[PDB]
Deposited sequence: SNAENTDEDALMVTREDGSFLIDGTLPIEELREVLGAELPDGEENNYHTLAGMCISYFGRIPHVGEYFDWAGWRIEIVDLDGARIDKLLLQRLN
């Protein structure tokens, strides 16, 4: 499973989810095509677990880092 819904409606998402598929899931709106690629791109480095950024009205937080691999993300809608 690449994506699951938590009890509060927020999403746990695999770093490999393609950005195209992500956009379609979130109903939202390079040098990347997956969610993990996008995070590396934003930070310009491999982020710590618990770091986050805001993208297309959503907060993306790193929740699991396996070696250098951004394995799992938490997505929550702002507001």
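In this chain the deposited sequence has gaps in the coordinates at 1-9, 39-44, listed in sequence order.
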